Amino acid sequence: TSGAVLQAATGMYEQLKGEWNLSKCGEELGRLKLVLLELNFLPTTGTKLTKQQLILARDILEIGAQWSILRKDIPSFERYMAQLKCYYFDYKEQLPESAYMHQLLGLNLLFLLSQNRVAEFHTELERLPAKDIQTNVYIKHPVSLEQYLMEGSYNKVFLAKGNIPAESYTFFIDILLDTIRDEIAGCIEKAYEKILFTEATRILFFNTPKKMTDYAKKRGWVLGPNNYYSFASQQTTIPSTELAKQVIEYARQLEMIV
Amino acid sequence: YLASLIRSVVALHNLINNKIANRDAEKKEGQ
Amino acid sequence: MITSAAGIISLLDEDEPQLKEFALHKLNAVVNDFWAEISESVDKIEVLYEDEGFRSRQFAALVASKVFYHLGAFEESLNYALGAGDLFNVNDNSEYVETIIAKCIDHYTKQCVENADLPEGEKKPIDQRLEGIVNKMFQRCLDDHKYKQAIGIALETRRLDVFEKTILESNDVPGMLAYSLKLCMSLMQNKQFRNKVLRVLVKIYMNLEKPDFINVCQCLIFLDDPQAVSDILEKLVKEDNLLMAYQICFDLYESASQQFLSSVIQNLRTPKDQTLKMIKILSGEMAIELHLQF
Amino acid sequence: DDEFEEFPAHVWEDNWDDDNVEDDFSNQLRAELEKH
Amino acid sequence: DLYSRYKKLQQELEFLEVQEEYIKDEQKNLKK
Amino acid sequence: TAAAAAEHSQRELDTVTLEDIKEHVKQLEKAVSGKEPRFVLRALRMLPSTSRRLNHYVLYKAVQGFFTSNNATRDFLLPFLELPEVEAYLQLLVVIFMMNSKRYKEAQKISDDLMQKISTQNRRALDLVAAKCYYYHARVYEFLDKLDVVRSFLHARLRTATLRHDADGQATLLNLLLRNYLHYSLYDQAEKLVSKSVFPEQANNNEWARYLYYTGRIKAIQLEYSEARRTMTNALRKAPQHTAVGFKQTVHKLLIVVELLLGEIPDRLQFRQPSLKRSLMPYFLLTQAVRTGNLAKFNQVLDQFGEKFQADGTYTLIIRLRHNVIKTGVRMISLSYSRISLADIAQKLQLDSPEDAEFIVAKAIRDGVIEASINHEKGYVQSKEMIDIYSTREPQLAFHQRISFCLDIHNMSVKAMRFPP
Amino acid sequence: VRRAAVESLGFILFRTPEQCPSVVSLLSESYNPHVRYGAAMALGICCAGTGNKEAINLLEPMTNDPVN
Amino acid sequence: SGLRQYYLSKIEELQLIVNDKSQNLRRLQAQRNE
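Residues numbered from 1 in each chain as written, not as in the entry; some residues may be left out. Chains lettered and ligands numbered in written order. Part of a larger assembly, values for the part shown. Heavy atoms only, no water.

Judging from the entry metadata, cryo-EM is the method by which this structure was determined, and 3.1 Å is the reported resolution.

**What to know about the overall build of chain B**
For chain B, the helix and strand inventory stands at 1 helix and 0 strands. Split into buried and exposed, the 31 residues of chain B put 16% on the buried side. (Helix = DSSP H or I, 4+ residues; strand = E, 2+ residues; numbered from the N terminus. Buried < 20%, exposed > 50% of the residue type's maximum accessible area, 1.4 Å probe, protein only.)

**Remarks on the overall build of chain G**
Helices and strands together make up the secondary structure of chain G, namely 4 helices and 0 strands. Helices and strands in chain G line up, N terminus first, as α-α-α-α. A compact globule built from 68 residues would reach a C-alpha radius of gyration of about 11 Å, and chain G, at 11 Å, matches this within 12%. Judged by the C-alpha coordinates and their principal axes, chain G covers about 30 × 25 × 15 Å. When burial is assessed residue by residue, chain G has 40% of its 68 residues classed as buried. At a minimum sequence separation of 6, the contacts of chain G that also span at least 24 residues come to 66%. Accessible area for chain G stands at about 4,100 Å²; split by element, carbon and sulfur atoms hold 59% of it. (Rg over C-alpha atoms; globule rule 2.2 N^0.38 Å. Contact = heavy atoms within 4.5 Å. Areas by Shrake-Rupley, 256 points an atom, 1.4 Å probe, with all protein chains shown as cover.)

**Quick word on the packing of helix 8 (residues 150-157) of chain C against helix 1 (residues 2-31) of chain E**
The N-to-C vectors of helix 8 of chain C and helix 1 of chain E enclose an angle of 45 degrees; their axes lie 8 Å apart at closest approach. Taken together, the axes of helix 8 of chain C and helix 1 of chain E are oblique relative to one another. On helix 1 of chain E, the residues touching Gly152, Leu155 and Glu156 of chain C of helix 8 of chain C are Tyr3, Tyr6 and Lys7 of chain E. Class assignment of the residues belonging to the contact of helix 8 of chain C with helix 1 of chain E gives a composition of 3 nonpolar, 1 polar and 2 charged. (Axes fitted to C-alpha atoms, helices over the stretch in contact; angles between N-to-C directions. Parallel < 35°, antiparallel > 145°, perpendicular 65-115°, else oblique. Nonpolar A, V, L, I, M, F, W, Y, C, P; charged D, E, K, R; others polar.)

**A short note on helix 12 (residues 213-223) of chain C**
Looking at helix 12 of chain C, one finds that the buried residues are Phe213, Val216, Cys217, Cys219, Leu220, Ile221 and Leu223 of chain C. Of the residues trailing helix 12 of chain C, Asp224 of chain C is marked for its positive phi of about 60 degrees.

**Points about the packing of aromatic side chains**
In this description, an aromatic ring pair is defined by two values, namely the gap between the centres and the angle between the planes. According to the stated counting rule, one finds 36 aromatic pairs over all chains in the structure shown. For the pair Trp221 of chain A and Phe231 of chain A, a centre-to-centre distance of 6.4 Å together with 40 degrees between the ring planes defines the contact as tilted. Of this pair, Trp221 of chain A sits in the loop between helix 11 (197-203) and helix 12 (240-255) while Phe231 of chain A is found in the loop between helix 11 and helix 12, placing the two residues 10 residues apart along the sequence. Ring centres of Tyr6 of chain H and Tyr7 of chain H lie 5.9 Å apart, and the angle between their planes is 55 degrees; on these two criteria the pair is classed as tilted. Just as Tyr6 of chain H is buried, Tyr7 of chain H falls in that class too. Here a set of aromatic residues connected by ring pairs shows up, and it is made of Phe4 and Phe7 of chain D together with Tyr213, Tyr214 and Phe247 of chain F. (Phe/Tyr/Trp six-rings, centres within 6.5 Å; stacked < 30°, edge-to-face > 60°.)

**Comments concerning the packing of helix 14 (residues 245-262) of chain F against helix 19 (residues 315-335) of chain F**
Residue and element names in this part refer to chain F. Two elements in contact, helix 14 and helix 19, have axes whose closest approach is 6 Å; the angle formed by their N-to-C orientations is 45 degrees. With respect to helix 19, the axis of helix 14 lies oblique. Residues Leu254, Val257, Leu260, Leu261 and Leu262 of helix 14 pack against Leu317, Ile318, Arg320, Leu321, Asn324, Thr328 and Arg331 of helix 19. Across the contact of helix 14 with helix 19, the residue classes break down as 8 nonpolar, 2 polar and 2 charged.

**Considering the arrangement of the chains**
If you rank the 15 pairs of chains in contact by how many contacts each has, first place goes to chains A and F. When C-alpha atoms are compared, chain B and chain D, though not in contact, are closest at a spacing of 19 Å. Where chain D comes nearest to chain H, the C-alpha atoms are still 27 Å apart, and the two do not contact one another.

**Comments concerning the interface of chain A and chain F**
Listed as interface residues are 37 residues of chain A and, on the opposing side, 37 residues of chain F. Here chain A meets chain F over a buried area of about 3,600 Å², counting both sides, of which 59% is carbon and sulfur. Inspection of the chain A/chain F interface yields 1 salt bridge. Ionic pairing is found between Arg393 of chain F and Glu242 of chain A, a salt bridge with its closest N-O pair at 3.0 Å. Counting across the interface, chain A meets chain F through 10 residue pairs in polar contact. (Buried area = accessible area lost by both parts, 1.4 Å probe. Salt bridge = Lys/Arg side-chain N within 4 Å of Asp/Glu carboxyl O. Polar contact = N/O pair within 3.5 Å; in protein donor to acceptor, adjacent residues only side chain to side chain.)

**Quick word on the nonpolar core**
A general tendency of soluble globular proteins is for nonpolar side chains to be buried together. Residues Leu27, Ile45 and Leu201 of chain C are the most contacted members of the largest nonpolar core, which totals 183 residues. The leading source of residues in this core is helix 2 (residues 19-40) of chain C, at 11 residues. Formed by 105 residues, the second largest nonpolar core is a distinct cluster that contains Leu114, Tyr136, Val150 and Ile256 of chain F. (Core = buried A, V, L, I, M, F, W, Y, C linked by side-chain atoms within 4.5 Å.)

**A short note on a nonpolar patch on the surface**
Taken together, the side chains of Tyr1, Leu2, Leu5, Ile6, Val9 and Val10 of chain B together with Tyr390 and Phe399 of chain F define a hydrophobic patch exposed on the protein surface, amounting to about 790 Å² of accessible area. The topology assignment puts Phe399 of chain F in helix 22 (residues 393-416). (Patch = residues over 30% accessible without salt bridge, like charges linked within 9 Å, V, L, I, M, F, W, Y side chains within 5 Å.)

**Looking at the environment of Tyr100 of chain A**
Residues and elements named next belong to chain A. Its place among the elements puts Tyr100 in the loop between helix 4 (74-90) and helix 5 (102-115). A relative accessible area of 31% places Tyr100 in the partly exposed class. Separated by 41 residues in sequence, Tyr100 and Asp59 have C-alpha atoms that sit 8.8 Å apart. Sequence-distant contacts of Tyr100, that is, excluding residues within four places in its chain, are made with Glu62, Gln66 and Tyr88. Among the polar contacts listed, one links the side chain of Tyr100 to the side chain of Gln66, at a separation of 2.8 Å.

**Observations regarding the side chain of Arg26 of chain H**
Note on placement: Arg26 of chain H falls in helix 1 (residues 2-33). For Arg26 of chain H, which is buried and forms no salt bridge, the nearest opposite charge comes from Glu36 of chain F, at a distance of 4.9 Å. Sequence-distant contacts of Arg26 of chain H, that is, excluding residues within four places in its chain, are made with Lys35, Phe419, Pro420 and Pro421 of chain F. (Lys, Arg positive; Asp, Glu negative; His and termini not counted.)

**Considerations on the pattern of salt bridges**
Counted according to the given criterion, the structure contains 51 salt bridges over all chains. Note that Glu249 of chain A is salt-bridged to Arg252 of chain A, the shortest N-O span being 2.7 Å. With a gap of 3 residues between them, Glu249 of chain A and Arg252 of chain A both fall in helix 12, about one helical turn apart. Relative accessible area serves as the criterion here: at 41%, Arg252 of chain A is assigned to the partly exposed category. Between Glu6 of chain D and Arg210 of chain F there is a salt bridge, with the nearest N and O atoms lying 2.4 Å from each other. With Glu6 of chain D in the segment before helix 1 (25-35) and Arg210 of chain F in helix 12 (residues 205-221), this pair bridges two chains.

**Observations concerning unusual backbone geometry**
The residue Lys72 of chain A is not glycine, and still its phi comes out positive at about 60 degrees. Here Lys72 of chain A shows up in the loop between helix 3 (52-71) and helix 4. Residue classification places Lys72 of chain A among the partly exposed positions, given a relative accessible area of 48%. One non-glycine residue, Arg158 of chain C, lies in the positive phi region at around 70 degrees. Looking at the element boundaries, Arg158 of chain C is found in the loop between helix 8 and helix 9 (160-168).

**Some points on a negative patch on the surface**
All names here are of chain C. On the surface, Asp43, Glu46, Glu50, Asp51, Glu52, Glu75 and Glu76 cluster together into a patch of negative charge. Of all elements in the fold, only helix 3 (42-49) and helix 5 (74-84) reach the threshold of two or more residues within the negative patch. Structurally, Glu50 can be placed in the loop between helix 3 and helix 4 (56-71). Owing to a relative accessible area of 57%, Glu50 belongs among the exposed residues under this scheme. (Charge placed at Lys NZ, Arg CZ, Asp CG, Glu CD.)

Here it is as structure tokens:
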């Protein structure tokens, strides 16, 4: 029973590898998920499988993540990455080292950058080994990108597009571009009284000038393109009721018998 | 604020005296 | 170990009602530790419960009740524990089970006390599964050879049928009756409920193999039922038992008021020497004469 | 009282500005007067 | 036993809280 | 006989310690019998002194003579040594002694016995000694270096101690579980737990110290630097004065890092302190390098003292440092200027171009670390027009916070006032 | 009316004699002589034919009062 | 026995409430006597 199912799972895994190493992937991955559910994803402290087929389960989950990113399907990427993080971090001792791991860890870090979840990004970094952040390239590149972004060298983070350790770090750079433009827009929001169109185009990297209205058609801080755009100028009364509330509270605390 | 601070300090002194008195009474009862 | 349930919670989001249930099973297995993470994702379990389910409608209820219990919202935990149905498994030494049992008992007692005073028909319905949990607790206490204090739970819940059943189908019926009468006279306040409990007590007394006529007359004095005490005396004198009636009438004079005594005397009026001297006892001629002589 | 053993364990009121490293004020002022 | 003790404690709580209410009111009148 | 005289003096001290134990047990018995479900805190205040003064012969004689009530659990102590509360306290002392002896195997076995006994005996006045027992259980499993089953066990115990509306046990269990999470760097788990849990508003000041430290660490790694800074300053204020040197050192290290991240400069009194100079010297070098604003000295300090940075754990923070090092430069510039131009800012910060300086300063405005304005028509960063802050509601708000605090203290004191008959 | 209220209190609490002294210890130490008398009489009604100890302890100092 | 645990939990809760309540009442009576 168990061994035969394991052999069948291995066979269908190798069939998937031969297939791609799109749709056919999709349904093959679904079938693999069902088969592994007849098996167990996580031994969860008391089954103690120690399976080369558990290593294989991790592998098929990885190929699922790659297929998801190839499809540009963020929710599927999130699901696969959550489960892959579980596999990577939980059973470190029993499982052997996965050489094809740091690429995906850095991919998830870059995705976190793109989604602008800096807190989760830094928690993931803290989970990661300290040495790897410097020794490796796959993790170091997202780390360097976040370092540039949080230092404020937007030109540097843009220039760092080229150095992609692997092709997988693609379209996450584009979501990161969108996030970078949003952050620049936030800087223009909280600062830069009275900004102009040409300098805004130069700084907040828009598309072709004929599309320069972008982010004014969507973010639209009631810009009012008064030639200069005026930044729409975006940015004395006694709160007697609140103050009376506070003073009555003082009187209450003074007059209560306790 | 000054008034309330003074009042709180006085109340703390009163409770210090009460704790000391309770300590003395229980020690005397035990002995 | 596992160190993170995020993958298990993520399994739920899928559209496969075969993956979802395994996710729920692992999630329940690990809710002992990862309620913190699962709480933010509870809403997904909420919607999953709110559908056909395919064993999701069963297990998601228990999972959500467990996570809400861990979180602290017992009011919302109770609803989902009830919705679980047969998966609660009252019979197990689990702290979650014990706490939800306590909360359900408190909720039932509150509901019964609240709705009892309302009209006969104007009663807000109870949940049948909640009633079933309460009755399962009643039956477990009975099976534990712990007959006592099941009477107390019944008294708090204001349901008599269980009170009667547990106080009858139990050992030391005299002792349990004495305990019940002590409770009924001393602690409980609601007069209508006290009268109902005393009616049950007198019914049990009379249906006993050897009726305790003195306690019956005490309860009847409390109930203010001169017709019933008169009928009891009539039966007691028709059957050859005179010392019972003598002491019954003495206690009736010593406890009941003048109006009650007059009413019972009138009922008796409605050998004859026995009846005449019963009337004399109830009027109290001999009681006062004996006290003066003493 | 309680001890947090669970965590393993110039008379002067010196100031941060004292640690700066720069030329002597005499040299600085000499250069200033020299160039002005 | 346990039910009787529970009812005793409930009644003691109610009695003590009503007593405290009375003491609060009496203290107010004494201040006046 | 010098050895015999030393032994005689030691046994005299031992008899004094037995008398102290007798007094503590009497206090426990007064607690259980009389009202005031307290005085176990008095019994336990001297617990560190008792643990320090415990001895092998003392505990051996104590186990031989005591536990006379019933039960033969004395066989769980005598081979290792060659009532409702007294057993718990004496057994806590015994497990502490096995800790001091480093015999972690029997320490953990007997501790598990303690946990079974506490679960069996559901008592409230006992719950304080229960919390101390939980603390020492976490310590023994830490020394054993497992701290794995610790998570689940303390977590269920926390569930019990919060279902029962306790404060001391709640705080102790929450702190222990937070430390368990940090030990394995489960910062997301700790953050979720802290967000979904309420720390008891009336818990021991030391539990406040620990909880504030852990929450500040979570916030710092989560990129809430102001929150972490204020939380850990409160922790430092709460921590004891003439003790807890290790806790103080850890808090000082990470608070120095967090303030440098905020862009401020830590006080030099910290580093000058007698108890902290040697430990904080690497951070003194780090602060010097950042204040000087020199990446070369910063990097050489980091390379020289990486080891201590592994031991403490700050690397993510120590690179977020570099970030807030350029931030520190811009914050000083905005602190000592009112209308400086972008070219001047760039030159002073040694930045590459006024464009880069403009980006840096605009983002600093966003983060609110300099709290100014900017104007690139003429290429100069203006500062907010400082307003006379006394004809506004800020003094009212500050005095309101302080007045409410004083009123609350008076109410707490007049409530705690007790009359024992 | 104050005195009548205290007497009524005793009449209510006569069934639990140990309970009343807790109520009436404070009333007995009242600056209002009518309320003090009501406290005494309430203790009497409550602990009539009971011979309680705290009730007598409260009554004795009241037996030594300056008011008539 | 489960109902016994229920009863003990309720008993402990009410006992603690009554203990602190009597503490507070004693203090209030002392202030009133003052």
